[PDB]
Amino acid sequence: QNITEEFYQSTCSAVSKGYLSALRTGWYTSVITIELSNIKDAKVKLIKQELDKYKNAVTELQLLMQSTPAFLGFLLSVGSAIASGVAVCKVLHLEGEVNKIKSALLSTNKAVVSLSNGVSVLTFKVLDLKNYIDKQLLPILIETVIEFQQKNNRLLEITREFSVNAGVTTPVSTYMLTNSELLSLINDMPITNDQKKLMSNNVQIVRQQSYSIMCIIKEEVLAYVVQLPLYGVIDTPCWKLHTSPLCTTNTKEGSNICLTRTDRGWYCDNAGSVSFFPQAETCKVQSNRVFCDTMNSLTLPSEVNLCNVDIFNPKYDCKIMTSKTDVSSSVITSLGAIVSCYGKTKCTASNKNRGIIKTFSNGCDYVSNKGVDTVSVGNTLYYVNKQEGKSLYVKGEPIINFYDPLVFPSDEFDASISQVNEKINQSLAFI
């Protein structure tokens, strides 16, 4: 859609608006099964070599079944992403539970099984090795050799991925679940029509946010749980907040005070509140849609958005940190770049065909990506995002000029506007 961005000179921050939400709120757990076979000349020797790989893969999966679960980011909660999948896997260890799946997939490769614990799970049979080995390889004991290696390949690959990932893999590979299997799983998933179209148009993002959990191998059946994301929040407004240090620009070194907004990250409207994602690298952006997981979020009142327009508003205590580290840095935003230039650092913005077109002076400034290709801060070169969108420069006096350095708390790790004001009042009273 229409992505916009506003830079606030007063607080050295920028907000990118125009995004749509796709927040993970639930999990769909499906049981993927592979039917195995009960096993007690140069060409035939190749079959036994390939058959030993099958026997080793089963043994490795048995050993694998034993060892298996069966800025403000430090404020996040502690949870287990695969807990719902582990619950389905625990049920499969009950007596007769695997037989239910085995009987449901006797005539077809796709059925809905109601487990004993009550969970109704869609179950696939993606590879039938019992059918192949018992009917094609059992009576014998070059086309058979080649056909066997291709058919047996998927079991070997699934075993390798599970082995080097403690039985839990993410993203879900095409060997764990092919595109046709995943798309058909999405189509028959008991979800909204908006969710079906969303997941179908973003199959890769679904893979990256899914888990494959090695579960059980019993009664000639290998079963693993594929945990797919359910996006219960769709098409609500999201915005990304970029922050950078804001310092005074006094010439004499060591007399400068700094202030940095610590509330950077992704913000999305969610159920009357705002889901705040402090580590923006945990979200995946597709054009104008941002895919996040609510497990990596903090639930904040919607008034937190007021800190972008008025950092001194009384309705929300805007979070900042203070220091005297006036080092130069840059933040590449969605439609531009924030440049915090201090000291003797060379800060420029250049175009690919013409060289330097803007020289940044001391302080915090901003340039849009229109006509700009790269930004240099010191000895480092940064490439700006070339995505289309309008940027708006909101002129304002840097709020750091409002503070007296003699009483400014110049080392607050995780403070706020009111917290700094309270400390100033205590220091001024002593004077």
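A residue's number is simply how far along the shown sequence it sits, counting from 1.
Asker: Scan the PDB entry between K40 and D41 and report the missing deposited residues as one of none, 1 to 3, 4 to 9, 10 or more.
Answerer: Unmodelled stretch: 4 to 9 residues.
Asker: Count up the deposited residues without coordinates from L141 to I142 and drop the result into none, 1 to 3, 4 to 9, or 10 or more.
Answerer: Count of unmodelled residues in between: 4 to 9.
Asker: Between 370-378 and 49-57, which has the larger average Cα B-factor in the PDB entry?
Answerer: Stretch with the higher mean C-alpha B-factor: 49-57.
Asker: Which of the two stretches, 214-222 or 327-335, shows the higher mean Cα temperature factor in the record?
Answerer: Stretch with the greater average CA B-factor: 214-222.
Asker: Can you pull the Cα B-factors for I356, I257, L306, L94 from the entry and say which is highest?
Answerer: Out of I356, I257, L306, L94, the record gives the largest C-alpha B-factor to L94.
Asker: From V31, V384, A70, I399, can you pick the one with the highest C-alpha B factor in the entry?
Answerer: Top of the list by C-alpha B-factor: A70.
Asker: Just say lowest, middle or highest third for the CA B-factor of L137 relative to the other modelled residues in its chain.
Answerer: Its C-alpha B-factor belongs to the highest third of this chain's values.
Asker: Pull the Cα B-factor of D188 out of the PDB entry and bin it into the chain's lowest, middle or highest third.
Answerer: It falls in the top third of the chain.
Asker: Could you place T243 in the lowest, middle or highest third of its chain by Cα temperature factor, using the values in the record?
Answerer: Lowest third.
Asker: Relative to the other modelled residues of the same chain, rank the CA B-factor of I101 and answer lowest, middle or highest third.
Answerer: Within its chain, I101 is a highest-third residue by C-alpha B-factor, going by the deposited values.
Asker: By the record's CA B-factor, is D263 among the lowest, middle or highest third of residues in the chain?
Answerer: Answer is lowest: the recorded C-alpha B-factor places it there.
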